[PDB]
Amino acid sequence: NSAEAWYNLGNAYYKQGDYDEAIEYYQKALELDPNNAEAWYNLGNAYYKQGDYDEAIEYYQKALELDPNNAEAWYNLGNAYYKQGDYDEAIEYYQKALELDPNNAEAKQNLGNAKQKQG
């Protein structure tokens, strides 16, 4: 209801690259409906695009608790850990992404690179 309205507005602002606004609007939506997995996921993405990887991780984790079939979310969580230098975590989440979407070339590549980084 208003939760959907806020989510819709977050999405519009997200797509235009206004992350600060999108983050505000997603947070409003989730105050009203905390079960919207796509709102958690997109909030995560918006923080990720801001370079705020610890927030991204928090919100990706919440999205995946609600929707553990979101292959892209597993991949982006892996990216977020990779950005923090947490290559063990990145590797795990990339492996999970590829189980659901074996065709994610970038997941395979980052997984490979992450394995090099640890050694």
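The first residue of the shown sequence is 1; numbering continues from there.
Among the modelled residues of the chain, residue 101 sits in the lowest third by CA temperature factor in this PDB entry.
Split the chain's modelled residues into thirds by C-alpha temperature factor. Residue 69 is in the highest one. Residue 93: CA B factor lies in the highest third for its chain, per the PDB record. Ranked against the other modelled residues of its chain, the C-alpha B-factor of residue 27 as given in the entry falls in the middle third.
In this PDB entry, the Cα temperature factor of residue 12 sits in the bottom third of its chain's modelled residues, the lowest group.
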